[PDB]
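Worksheet: one structure, shown below.
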Amino acid sequence: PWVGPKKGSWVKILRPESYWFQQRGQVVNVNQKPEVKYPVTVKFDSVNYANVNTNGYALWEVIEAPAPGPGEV
Amino acid sequence: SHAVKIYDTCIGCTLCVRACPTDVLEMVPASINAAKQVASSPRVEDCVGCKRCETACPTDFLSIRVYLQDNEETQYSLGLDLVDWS
Amino acid sequence: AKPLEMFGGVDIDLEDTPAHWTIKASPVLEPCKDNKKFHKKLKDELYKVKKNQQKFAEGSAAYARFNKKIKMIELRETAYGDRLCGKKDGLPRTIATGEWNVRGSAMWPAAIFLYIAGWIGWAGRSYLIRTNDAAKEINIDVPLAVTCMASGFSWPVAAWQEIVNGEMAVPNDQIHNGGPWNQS
Amino acid sequence: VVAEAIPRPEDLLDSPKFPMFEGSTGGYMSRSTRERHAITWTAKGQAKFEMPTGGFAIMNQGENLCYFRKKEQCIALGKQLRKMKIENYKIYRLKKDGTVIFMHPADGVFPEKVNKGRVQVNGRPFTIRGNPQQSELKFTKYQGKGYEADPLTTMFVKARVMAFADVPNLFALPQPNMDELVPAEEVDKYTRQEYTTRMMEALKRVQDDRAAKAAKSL
Amino acid sequence: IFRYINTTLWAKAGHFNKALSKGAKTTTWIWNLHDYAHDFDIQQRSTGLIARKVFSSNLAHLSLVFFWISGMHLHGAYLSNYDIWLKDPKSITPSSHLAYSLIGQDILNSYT
Amino acid sequence: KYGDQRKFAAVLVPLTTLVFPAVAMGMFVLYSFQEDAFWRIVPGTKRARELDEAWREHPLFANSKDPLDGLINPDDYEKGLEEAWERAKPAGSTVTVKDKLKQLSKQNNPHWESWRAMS
Amino acid sequence: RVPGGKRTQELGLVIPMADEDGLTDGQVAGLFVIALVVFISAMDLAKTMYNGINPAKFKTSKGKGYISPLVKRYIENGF
Ligand code: CLA
Ligand code: CLA
Ligand code: CLA
Ligand SMILES: CC1=C(/C=C/C(C)=C/C=C/C(C)=C/C=C/C=C(C)/C=C/C=C(C)/C=C/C2=C(C)CCCC2(C)C)C(C)(C)CCC1
Ligand SMILES: CC1=C(/C=C/C(C)=C/C=C/C(C)=C\C=C\C=C(C)\C=C\C=C(C)\C=C\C2=C(C)CCCC2(C)C)C(C)(C)CCC1
Ligand code: SF4
Ligand code: SF4
């Protein structure tokens, strides 16, 4: 039984200290081990100050938002 | 001495350990990430405070955070060479 | 009781009529064509430029260019005659009361600039919306760029139609609000 | 792991373990400092390297030994050696008395390599934003050090933050009766377990009085 | 030999440095591109390219200095009062530099 | 005469702008080498420890530093928490409230206020 | 006096000086006595502020403390 958002599905970030808070990014993969605290891996078009466009988030920090659309983060 | 804390968001990069110039950080086994390892700071008394570990950390916000404490400086945290405090 | 001396020099209208709401009724100002300071300043300009002109040869090109400058100065003197200038400086003033019907009013330049500035901003926003990529910002898609630049003329209508139809703004819950201020 | 017998640098003049190095003014300042750090390693060929204190050096085909004032210089030289595929280098801190403390490969395994028996020191079990607010821990153990709070304290203050926003349902603390309480401390009735029963009954009386008073014009 | 002198890299800004190959993700990329422009040492390819770049850039700058000298010479021949200065240098200030009569800039030219 | 106050100045000005400042600077550099020097801002002074212990000896301020101070009946709070966790305990989970709180209180920060070891 | 500034010279502004003394030496000494009193009291206050409150006084100091009857009312009137 798959857990978390599907691969390639857009999710809105709910981590307040994240550089992409309330932004959206494609789900690269979700780790299926229940022991992993932050299994969801999300990649973004906008890099942060460390020039990193991907990060691993918790299961409770992604809400499966729709596609961004024209001129929308 | 400063205060170097490691948070759960660590993904076992080992980059923070490699970037530390005074061997403050080390890798310990854990079970909260796919790498089965998290960083630790057992020797922050040798932490000068260069924050290279924070530069090297790739998590969204640093899984390793160095808190500067200037009213706390020791001879090791200041990198004293000409002068000994022991 | 002589408001000039009561208030240390400044004078007050003392009359409550709508006909004095125009800038032209102000006692500080005066039409430039009948102001002594205006005459003296532009006469001094003419005198200085003419004195510079005599220093050169009669048949030189510099003499002709100074004649052209003198004609420009006299044209400026006659053109600013209807413009309002203060009764003590002689320098013509710019009207910023929204009069729309006085010499030197700021309404016409404001309207022109606001139109063209909205045009520039709308063209840039349209190009950014239609090129949702960083590669298109360093290597400009020139045909699309000039298409948006030409299309920007209808900004005062298209922008409002986007404002009311929910296509300009975005809810705060879709963009990064800012740094966290709490959690514990 | 067995610590070596690194002698004090002022007593090991002219040792065969010293690499051929040019020698500069950047070395440790004697006559003012007594704490020295020593790094030893075994090389395979006399490959030239750079001393952390200015000037270049040539290793020995066998054992090597260098003395430095700071651990940072020893670690810099250790990284430089490790770039040359030279492992098995150990860094010691020499106390003024001559005590040898084994520092860098503390458990014999380099810190970037996971080794069993290690425990996450200074670990915090939440995201960095999960730290409690500094304002909440005023005049407690963590007065200006909210990042040092144990996770139980963080959860407790988080629950307090959650609670102290539903203002209408809060319980105002009763005003103490200073004039008629407050006898000499020797004047007490003991019965500690009865004192909590007295707390229960007194607070029940206070709440009943408050409800009765509120149900007059509300 | 010269068949490799191609314009294909003109559009590809930042080609010379391998740290700029990731693309202009941020505005720092622009400043880095301008900063590494003449840093031939850190740019891509072997040491021979460093020598070629250094020598050819020296020649290009020398051409630039020659162009500046040529501009000064043409200003002196066609935009100057060097004739009357030759005839009477103690009464004529040197001037090979005019200003157009725009926005009243005519006030900058003075009697020489 | 309008002067005759300079008799006071010729003593006071040299005194308060030379003798007092020099004595103050010497006394300050002497005070800098006391074990009590700047005991309110400099960590690890003896007087700071004595003041903290004196505060802790007061009956009102005994359990003042505890962030969890306030629970009138901590046994009731713990019992209610245990009851609420029992109804929400996931399947055959083996964690109790008591040891969970005990291990959530015990963290590992050896280098926190280690300056309380010299004075 | 050698004046500076345009206005002093062009208006003739002058600075009169009393030919008398102002205050006699006795008055200055009378002021200095109270200044010394302020000085002693200020040194004492600086000492007290430097040392701060001593909570452990109830173990050694005599008496039993005192809360004024208005201070109790202010305690129980609220905050
Ligand atoms: C002729 C000389 C001159 C020059 C060189 C400038 C230069 C400038 N003006 Mg400007 N201005 C001038 C005359 C001039 N002004 C006159 C005569 C007026 C009338 C009083 C104004 C009124 C004016 C305003 C009201 C604003 C400027 C702004 C600006 C700056 C941004 C340029 C721009 O539009 O970017 C291109 C435009 C964009 C990238 C975004 C679009 C923004 C513009 C203002 C369109 C807004 C239209 C909107 C629907 C109506 C707004 C109503 C109200 C908020 C004013 C720029 C430095 C802006 C500024 O400084 O912002 C910090 C600004 O907001 N100007
Ligand atoms: C023969 C002279 C010469 C040569 C060949 C070089 C060559 C070099 N220098 Mg160098 N330098 C020189 C003189 C020279 N320099 C002088 C005189 C100074 C003292 C100021 C410096 C200070 C200097 C520093 C601090 C650095 C270099 C660096 C470099 C290297 C890369 C330069 C680069 O990419 O910049 C690209 C070119 C520019 C960014 C030019 C921008 C324009 C300048 C900065 C502003 C000039 C303003 C202008 C004069 C006024 C404008 C007019 C106004 C009215 C508008 C390159 C090897 C850099 C390096 O990494 O070396 C390896 C480096 O960090 N140089
Ligand atoms: C704000 C307080 C203050 C200040 C800044 C001054 C300033 C001055 N007084 Mg003075 N004075 C004051 C109060 C003050 N007076 C009072 C209240 C008296 C009456 C006792 C006098 C009696 C007095 C005499 C008799 C003479 C001066 C003189 C002087 C001058 C030389 C400084 C000196 O040696 O004074 C010495 C003055 C004293 C020792 C009296 C006590 C000084 C005050 C009360 C202490 C205030 C300190 C203040 C709280 C700052 C403390 C912190 C500091 C370390 C930064 C100088 C302009 C001399 C001079 O040349 O005048 C023309 C002089 O002959 N004063
Ligand atoms: C001609 C004319 C006109 C027109 C005009 C116009 C149209 C103009 C435009 C103009 C423009 C269009 C301009 C623009 C400008 C821009 C600018 C000028 C920019 C600037 C920038 C800056 C300033 C920067 C800033 C910053 C940042 C980046 C961020 C951070 C902060 C800071 C601030 C640093 C009119 C008719 C009216 C009148 C007559 C004359
Ligand atoms: C009349 C007059 C006056 C007054 C004025 C006023 C009072 C004004 C106001 C104004 C205002 C009160 C405004 C407001 C606004 C708000 C808002 C909210 C806005 C917004 C905007 C926007 C949103 C824009 C957008 C855009 C466009 C449209 C184009 C470009 C691009 C963009 C996107 C930017 C004066 C006194 C001066 C003088 C006389 C005349
Ligand atoms: S660099 Fe950051 S994420 Fe990587 S191991 Fe170190 S602390 Fe963890
Ligand atoms: S701040 Fe520097 S010395 Fe301290 S742990 Fe980080 S990298 Fe190591």
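Chains: A, B, ... in order of the structure tokens. Residues: from 1 per chain. Ligands: from 1, in order shown.
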- Message: What residues of the protein or nucleic acid chains come within 10 Å of ligand 7 when you use only C-alpha atoms and all ligand atoms? Reply as a PyMOL selection string.
- Response: (chain B and resi 1-5+15-26+40-56+64-68+76-77) or (chain D and resi 72)
Same residues, C-alpha atoms, output as a short mmCIF file (atom, residue, chain, number, x, y, z; two decimals), in the first residue's frame:
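Contents of the output file again.cif:
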```cif
data_model
loop_
_atom_site.label_atom_id
_atom_site.label_comp_id
_atom_site.auth_asym_id
_atom_site.auth_seq_id
_atom_site.Cartn_x
_atom_site.Cartn_y
_atom_site.Cartn_z
CA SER B 1 32.44 27.49 23.72
CA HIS B 2 29.69 27.68 21.10
CA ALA B 3 26.62 25.41 20.83
CA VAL B 4 26.38 23.11 17.80
CA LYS B 5 23.06 21.26 17.64
CA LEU B 15 29.47 16.93 4.34
CA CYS B 16 29.22 18.82 7.64
CA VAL B 17 31.70 16.42 9.23
CA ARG B 18 34.13 16.78 6.32
CA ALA B 19 33.89 20.58 6.32
CA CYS B 20 34.67 20.97 10.03
CA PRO B 21 38.26 22.23 10.49
CA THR B 22 38.64 21.12 14.14
CA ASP B 23 36.93 17.68 14.21
CA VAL B 24 33.89 18.77 16.18
CA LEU B 25 31.33 16.68 14.28
CA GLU B 26 31.04 12.93 13.76
CA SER B 40 26.62 14.53 16.10
CA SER B 41 28.72 17.22 17.79
CA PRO B 42 30.49 15.52 20.72
CA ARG B 43 33.38 18.03 20.82
CA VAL B 44 31.88 21.51 20.47
CA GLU B 45 34.52 22.74 22.92
CA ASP B 46 36.77 22.74 19.83
CA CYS B 47 34.18 24.55 17.69
CA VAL B 48 35.81 27.77 16.51
CA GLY B 49 32.53 28.87 14.94
CA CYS B 50 33.52 29.07 11.26
CA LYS B 51 30.04 27.77 10.30
CA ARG B 52 31.46 25.79 7.37
CA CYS B 53 29.20 22.97 8.54
CA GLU B 54 26.20 25.23 7.95
CA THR B 55 27.52 26.13 4.49
CA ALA B 56 27.87 22.44 3.61
CA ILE B 64 23.08 21.49 11.93
CA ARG B 65 22.90 24.88 13.65
CA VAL B 66 25.80 26.70 15.31
CA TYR B 67 24.81 29.24 17.97
CA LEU B 68 27.52 31.83 18.64
CA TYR B 76 39.84 26.81 21.70
CA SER B 77 36.75 28.68 20.49
CA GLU D 72 43.10 23.41 13.86
#
```
- Item | 7 Å shell around ligand 6 using only C-alpha atoms and all ligand atoms, listed as a PyMOL selection string | chain B and resi 6+9-17+38-39+53+56-59+62-64
- Message: Please find the residues contacting ligand 3 at a distance of at most 10 Å between atoms, with only C-alpha atoms and all ligand atoms counted, and report them as JSON, numbers by chain.
- Response: {"F": [4, 5, 6, 7, 8, 9, 10, 11, 12, 13, 14, 15, 16, 17, 18, 20, 21, 24], "G": [23, 25, 27, 28, 29, 30, 31, 32, 33, 34, 35, 36, 38, 39, 42]}
Prev. selection, N, CA, C and O atoms, output as a short mmCIF file (atom, residue, chain, number, x, y, z; two decimals), in the first residue's frame:
```cif
data_model
loop_
_atom_site.label_atom_id
_atom_site.label_comp_id
_atom_site.auth_asym_id
_atom_site.auth_seq_id
_atom_site.Cartn_x
_atom_site.Cartn_y
_atom_site.Cartn_z
N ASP F 4 38.61 85.39 41.77
CA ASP F 4 38.56 84.95 43.17
C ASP F 4 37.73 83.68 43.33
O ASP F 4 37.70 83.09 44.41
N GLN F 5 37.07 83.25 42.25
CA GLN F 5 36.53 81.90 42.17
C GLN F 5 37.53 80.94 41.54
O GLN F 5 37.36 79.73 41.66
N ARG F 6 38.55 81.48 40.87
CA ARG F 6 39.61 80.65 40.31
C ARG F 6 40.46 80.01 41.40
O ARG F 6 41.20 79.07 41.11
N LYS F 7 40.36 80.48 42.64
CA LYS F 7 41.01 79.78 43.75
C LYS F 7 40.40 78.40 43.93
O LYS F 7 41.11 77.44 44.28
N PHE F 8 39.10 78.27 43.70
CA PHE F 8 38.46 76.95 43.72
C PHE F 8 38.83 76.15 42.48
O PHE F 8 39.05 74.93 42.56
N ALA F 9 38.90 76.81 41.32
CA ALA F 9 39.18 76.11 40.07
C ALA F 9 40.57 75.50 40.07
O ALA F 9 40.75 74.35 39.66
N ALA F 10 41.57 76.25 40.55
CA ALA F 10 42.95 75.79 40.51
C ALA F 10 43.17 74.52 41.31
O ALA F 10 44.18 73.84 41.11
N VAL F 11 42.25 74.19 42.21
CA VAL F 11 42.29 72.93 42.94
C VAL F 11 41.36 71.90 42.32
O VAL F 11 41.74 70.74 42.14
N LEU F 12 40.14 72.31 41.97
CA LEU F 12 39.13 71.34 41.54
C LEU F 12 39.41 70.79 40.15
O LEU F 12 39.33 69.58 39.93
N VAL F 13 39.73 71.67 39.19
CA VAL F 13 39.95 71.21 37.82
C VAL F 13 41.11 70.23 37.74
O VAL F 13 40.92 69.12 37.22
N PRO F 14 42.32 70.54 38.25
CA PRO F 14 43.37 69.51 38.26
C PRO F 14 42.95 68.26 39.01
O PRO F 14 43.16 67.15 38.50
N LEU F 15 42.31 68.40 40.17
CA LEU F 15 41.86 67.25 40.94
C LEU F 15 40.92 66.39 40.10
O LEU F 15 41.29 65.29 39.69
N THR F 16 39.71 66.86 39.84
CA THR F 16 38.72 66.02 39.17
C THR F 16 38.93 65.66 37.73
O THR F 16 38.21 64.83 37.22
N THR F 17 39.88 66.28 37.06
CA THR F 17 40.15 65.88 35.69
C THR F 17 41.53 65.29 35.49
O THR F 17 41.91 65.02 34.37
N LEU F 18 42.28 65.06 36.57
CA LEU F 18 43.58 64.39 36.47
C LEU F 18 43.76 63.38 37.60
O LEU F 18 44.01 62.23 37.32
N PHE F 20 41.50 62.31 40.09
CA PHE F 20 40.39 61.37 40.12
C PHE F 20 40.36 60.45 38.90
O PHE F 20 40.14 59.24 39.08
N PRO F 21 40.53 60.93 37.66
CA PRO F 21 40.54 59.98 36.54
C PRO F 21 41.67 58.98 36.59
O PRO F 21 41.46 57.80 36.28
N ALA F 24 40.87 56.49 39.25
CA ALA F 24 39.78 55.65 38.78
C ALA F 24 40.28 54.60 37.79
O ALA F 24 39.86 53.44 37.86
N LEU G 23 29.13 84.54 44.05
CA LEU G 23 28.93 83.87 45.32
C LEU G 23 30.19 83.98 46.17
O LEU G 23 31.30 83.81 45.67
N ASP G 25 32.82 82.76 49.20
CA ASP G 25 33.39 81.44 49.47
C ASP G 25 32.55 80.65 50.45
O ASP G 25 32.49 79.42 50.36
N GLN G 27 29.26 80.58 50.69
CA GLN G 27 28.16 79.96 49.97
C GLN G 27 28.63 78.76 49.15
O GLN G 27 27.93 77.74 49.08
N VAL G 28 29.80 78.87 48.53
CA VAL G 28 30.35 77.75 47.78
C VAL G 28 30.64 76.57 48.71
O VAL G 28 30.38 75.41 48.36
N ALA G 29 31.17 76.85 49.90
CA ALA G 29 31.40 75.78 50.87
C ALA G 29 30.09 75.16 51.34
O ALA G 29 30.00 73.94 51.54
N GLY G 30 29.06 75.98 51.54
CA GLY G 30 27.76 75.45 51.90
C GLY G 30 27.19 74.53 50.84
O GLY G 30 26.57 73.51 51.15
N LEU G 31 27.38 74.89 49.57
CA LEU G 31 26.97 74.00 48.49
C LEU G 31 27.83 72.73 48.46
O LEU G 31 27.32 71.64 48.16
N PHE G 32 29.12 72.85 48.76
CA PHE G 32 29.99 71.69 48.69
C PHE G 32 29.70 70.69 49.80
O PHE G 32 29.91 69.49 49.61
N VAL G 33 29.21 71.15 50.95
CA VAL G 33 28.83 70.21 52.01
C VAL G 33 27.72 69.28 51.53
O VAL G 33 27.81 68.05 51.66
N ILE G 34 26.67 69.86 50.94
CA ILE G 34 25.57 69.03 50.46
C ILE G 34 25.99 68.23 49.24
O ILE G 34 25.49 67.11 49.02
N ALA G 35 26.91 68.75 48.42
CA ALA G 35 27.44 67.96 47.32
C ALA G 35 28.17 66.73 47.83
O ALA G 35 28.04 65.64 47.27
N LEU G 36 28.94 66.88 48.91
CA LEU G 36 29.61 65.74 49.53
C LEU G 36 28.60 64.75 50.09
O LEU G 36 28.82 63.53 50.04
N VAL G 38 25.57 64.22 48.88
CA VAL G 38 25.09 63.52 47.68
C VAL G 38 26.11 62.48 47.25
O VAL G 38 25.76 61.37 46.86
N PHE G 39 27.39 62.83 47.31
CA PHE G 39 28.45 61.95 46.85
C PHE G 39 28.54 60.68 47.69
O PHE G 39 28.63 59.57 47.16
N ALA G 42 25.49 58.56 47.03
CA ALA G 42 25.55 57.95 45.71
C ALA G 42 26.53 56.79 45.68
O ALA G 42 26.28 55.78 45.01
#
```
- Message: One number please: CA of residue 91 in chain D to CA of residue 15 in chain D, in Å, one decimal.
- Response: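 Computing the Euclidean distance for CA of residue 91 in chain D and CA of residue 15 in chain D yields 17.8 Å.
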- Message: Please identify all protein, DNA and RNA residues within 7 Å of ligand 5, counting only C-alpha atoms and all ligand atoms, and report them as a ChimeraX atom specification.
- Response: /C:96-98,107,118-119,121-122,125,155-156,159-160,168
- Residues at most 6 Å from range 45-62 of chain F, counting only C-alpha atoms, excluding those fewer than 5 positions away in the same chain, as a list in words?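 Skipping anything fewer than 5 positions along the chain leaves residues 39 and 119 of chain F; 55 and 56 of chain G.
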For the residues selected in the previous step, produce a file with N, CA, C and O atoms as a short mmCIF file (atom, residue, chain, number, x, y, z; two decimals), in the first residue's frame.
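The result, written out as selection25.cif:
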```
data_model
loop_
_atom_site.label_atom_id
_atom_site.label_comp_id
_atom_site.auth_asym_id
_atom_site.auth_seq_id
_atom_site.Cartn_x
_atom_site.Cartn_y
_atom_site.Cartn_z
N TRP F 39 31.05 40.29 37.75
CA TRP F 39 30.39 39.03 38.09
C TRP F 39 28.97 38.94 37.55
O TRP F 39 28.40 37.84 37.55
N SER F 119 34.54 28.49 39.29
CA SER F 119 34.38 29.35 40.46
C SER F 119 33.90 28.59 41.70
O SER F 119 34.02 27.37 41.79
N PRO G 55 18.68 37.53 49.06
CA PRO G 55 17.47 36.81 49.50
C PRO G 55 17.70 36.00 50.77
O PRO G 55 16.76 35.76 51.53
N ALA G 56 18.94 35.58 50.99
CA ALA G 56 19.29 34.74 52.13
C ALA G 56 19.37 35.51 53.44
O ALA G 56 19.88 34.97 54.43
#
```
- Might you pull out every residue within 7 Å of range 59-73 of chain A, with only C-alpha atoms counted and same-chain residues fewer than 5 positions away left off, and present them as a VMD selection string? (chain A and resid 4 to 5 9 to 15 23 to 24 38 to 40) or (chain C and resid 128 to 129 132 175)
Could you write out that same residue set with C-alpha atoms as a short mmCIF file (atom, residue, chain, number, x, y, z; two decimals), in the first residue's frame?
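Result file follows (selection39.cif):
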```
data_model
loop_
_atom_site.label_atom_id
_atom_site.label_comp_id
_atom_site.auth_asym_id
_atom_site.auth_seq_id
_atom_site.Cartn_x
_atom_site.Cartn_y
_atom_site.Cartn_z
CA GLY A 4 2.14 9.72 0.88
CA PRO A 5 1.62 11.60 -2.38
CA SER A 9 2.44 14.85 -8.12
CA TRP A 10 2.60 18.50 -7.13
CA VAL A 11 2.51 19.23 -3.39
CA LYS A 12 2.33 22.50 -1.46
CA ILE A 13 5.03 22.83 1.19
CA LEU A 14 3.76 23.42 4.74
CA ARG A 15 7.14 23.66 6.50
CA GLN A 23 5.29 26.99 -2.73
CA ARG A 24 4.84 23.91 -4.92
CA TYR A 38 11.05 12.85 6.39
CA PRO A 39 10.45 10.42 3.51
CA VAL A 40 8.85 12.72 0.95
CA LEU C 128 7.22 36.85 -17.73
CA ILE C 129 3.87 35.04 -17.66
CA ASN C 132 7.81 30.72 -17.32
CA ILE C 175 3.26 32.51 -2.19
#
```
Do you know which residues are within 6 Å of ligand 1 using only C-alpha atoms and all ligand atoms? Can you write them as a PDB file with N, CA and C atoms, in the first residue's frame?
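Result written to result38.pdb:
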```pdb
ATOM      1  N   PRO C 109       1.403  65.653 -17.904  1.00  0.00           N
ATOM      2  CA  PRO C 109       2.563  64.759 -17.773  1.00  0.00           C
ATOM      3  C   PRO C 109       2.275  63.552 -16.904  1.00  0.00           C
ATOM      4  N   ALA C 110       1.476  63.722 -15.849  1.00  0.00           N
ATOM      5  CA  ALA C 110       1.130  62.592 -14.993  1.00  0.00           C
ATOM      6  C   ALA C 110       0.357  61.539 -15.772  1.00  0.00           C
ATOM      7  N   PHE C 113       2.739  59.831 -18.396  1.00  0.00           N
ATOM      8  CA  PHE C 113       3.688  58.919 -17.773  1.00  0.00           C
ATOM      9  C   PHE C 113       2.993  57.696 -17.205  1.00  0.00           C
ATOM     10  N   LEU C 114       1.845  57.877 -16.554  1.00  0.00           N
ATOM     11  CA  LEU C 114       1.173  56.724 -15.975  1.00  0.00           C
ATOM     12  C   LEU C 114       0.768  55.741 -17.058  1.00  0.00           C
ATOM     13  N   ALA C 117       4.091  54.059 -18.324  1.00  0.00           N
ATOM     14  CA  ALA C 117       4.687  53.222 -17.289  1.00  0.00           C
ATOM     15  C   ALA C 117       3.871  51.957 -17.065  1.00  0.00           C
ATOM     16  N   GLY C 118       2.541  52.081 -17.038  1.00  0.00           N
ATOM     17  CA  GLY C 118       1.710  50.895 -17.004  1.00  0.00           C
ATOM     18  C   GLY C 118       1.915  50.029 -18.229  1.00  0.00           C
ATOM     19  N   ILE C 120       4.797  49.717 -19.890  1.00  0.00           N
ATOM     20  CA  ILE C 120       6.066  49.015 -19.692  1.00  0.00           C
ATOM     21  C   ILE C 120       5.886  47.854 -18.722  1.00  0.00           C
ATOM     22  N   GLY C 121       5.256  48.125 -17.577  1.00  0.00           N
ATOM     23  CA  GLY C 121       5.059  47.081 -16.585  1.00  0.00           C
ATOM     24  C   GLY C 121       4.194  45.947 -17.097  1.00  0.00           C
TER      25      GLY C 121
END
```
- Message: Hey, which residues sit close to ligand 2? Say within 7 Å, counting only C-alpha atoms and all ligand atoms, and write them as a ChimeraX atom specification.
- Response: /E:34-40
- Message: I'd like the neighbourhood of residue 136 in chain C as a PyMOL selection string, where a residue qualifies if any of its atoms comes within 12 Å (using only C-alpha atoms), though same-chain residues fewer than 5 positions away should be ignored.
- Response: (chain C and resi 127-131+141-145) or (chain E and resi 23-25)
Write a file of the just-selected residues containing N, CA, C and O atoms, as a short mmCIF file (atom, residue, chain, number, x, y, z; two decimals), in the first residue's frame.
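out_24.cif, freshly written:
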```
data_model
loop_
_atom_site.label_atom_id
_atom_site.label_comp_id
_atom_site.auth_asym_id
_atom_site.auth_seq_id
_atom_site.Cartn_x
_atom_site.Cartn_y
_atom_site.Cartn_z
N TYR C 127 5.32 39.20 -20.68
CA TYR C 127 6.43 38.38 -21.13
C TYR C 127 6.83 37.37 -20.06
O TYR C 127 7.13 36.21 -20.38
N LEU C 128 6.86 37.78 -18.80
CA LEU C 128 7.22 36.85 -17.73
C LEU C 128 6.19 35.74 -17.59
O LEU C 128 6.55 34.58 -17.33
N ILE C 129 4.91 36.06 -17.76
CA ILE C 129 3.87 35.04 -17.66
C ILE C 129 3.96 34.06 -18.82
O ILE C 129 3.81 32.85 -18.64
N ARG C 130 4.22 34.57 -20.03
CA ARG C 130 4.27 33.70 -21.20
C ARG C 130 5.60 32.99 -21.37
O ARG C 130 5.69 32.08 -22.20
N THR C 131 6.63 33.37 -20.61
CA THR C 131 7.91 32.67 -20.59
C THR C 131 8.20 32.30 -19.14
O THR C 131 8.90 33.02 -18.43
N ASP C 141 13.33 35.80 -25.94
CA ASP C 141 12.59 35.43 -27.14
C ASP C 141 12.12 36.72 -27.78
O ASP C 141 11.04 37.24 -27.47
N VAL C 142 12.95 37.26 -28.67
CA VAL C 142 12.70 38.60 -29.21
C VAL C 142 11.36 38.71 -29.91
O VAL C 142 10.66 39.71 -29.70
N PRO C 143 10.94 37.78 -30.77
CA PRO C 143 9.59 37.90 -31.36
C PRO C 143 8.49 37.99 -30.31
O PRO C 143 7.62 38.86 -30.40
N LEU C 144 8.53 37.12 -29.30
CA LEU C 144 7.53 37.19 -28.24
C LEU C 144 7.68 38.47 -27.42
O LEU C 144 6.69 39.05 -26.98
N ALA C 145 8.92 38.91 -27.20
CA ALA C 145 9.15 40.13 -26.43
C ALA C 145 8.53 41.33 -27.12
O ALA C 145 7.82 42.13 -26.49
N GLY E 23 23.55 27.36 -15.63
CA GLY E 23 22.54 28.30 -16.06
C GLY E 23 22.32 29.41 -15.05
O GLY E 23 22.71 29.32 -13.88
N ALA E 24 21.67 30.48 -15.51
CA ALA E 24 21.42 31.66 -14.69
C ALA E 24 20.21 31.40 -13.80
O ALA E 24 19.09 31.85 -14.06
N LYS E 25 20.44 30.64 -12.72
CA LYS E 25 19.38 30.38 -11.76
C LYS E 25 19.10 31.59 -10.87
O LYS E 25 17.95 31.79 -10.46
#
```
- Message: Env of residue 70 in chain C: 10 Å cut, atoms = only C-alpha atoms, seq-sep filter 6 positions within chain, self excluded. Answer as a list in words.
- Response: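 Selected residues are residues 45, 46, 47, 49, 50, 53, 64 and 76 of chain C.
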- Distance query residue 81 in chain E at most 12 Å, only C-alpha atoms, self and fewer than 2 positions along chain excluded, as a PyMOL selection string: chain E and resi 75-79+83-89+91-98+111-112
Using only C-alpha atoms, find each residue of chain F with at least one atom at most 10 Å away from an atom of chain B; report its shortest atom-to-atom pair and that distance in Å (one decimal), sort the rows by chain and rising residue number, and return the result as a tab-separated table.
```
residue	atom	partner	partner_atom	distance
F:41	CA	B:71	CA	8.0
F:42	CA	B:71	CA	6.9
F:43	CA	B:72	CA	7.1
F:44	CA	B:72	CA	9.5
F:108	CA	B:42	CA	9.6
F:109	CA	B:5	CA	8.7
F:110	CA	B:42	CA	8.3
F:111	CA	B:44	CA	7.1
F:112	CA	B:3	CA	7.6
F:113	CA	B:72	CA	9.1
F:114	CA	B:1	CA	8.8
F:115	CA	B:72	CA	8.1
```
Would you export the selected residues with C-alpha atoms as an mmCIF file, in the first residue's frame, please?
```
data_model
loop_
_atom_site.group_PDB
_atom_site.id
_atom_site.type_symbol
_atom_site.label_atom_id
_atom_site.label_comp_id
_atom_site.auth_asym_id
_atom_site.auth_seq_id
_atom_site.Cartn_x
_atom_site.Cartn_y
_atom_site.Cartn_z
ATOM 1 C CA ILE F 41 27.973 39.703 32.916
ATOM 2 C CA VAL F 42 31.067 37.471 32.975
ATOM 3 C CA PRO F 43 30.133 33.772 33.302
ATOM 4 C CA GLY F 44 31.633 31.501 35.922
ATOM 5 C CA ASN F 108 22.287 14.918 25.712
ATOM 6 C CA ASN F 109 23.876 18.396 25.801
ATOM 7 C CA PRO F 110 27.112 18.076 27.800
ATOM 8 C CA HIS F 111 28.371 21.464 26.582
ATOM 9 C CA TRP F 112 25.595 23.577 28.127
ATOM 10 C CA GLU F 113 26.627 25.995 30.889
ATOM 11 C CA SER F 114 29.816 23.999 31.415
ATOM 12 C CA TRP F 115 31.279 27.265 32.761
#
```
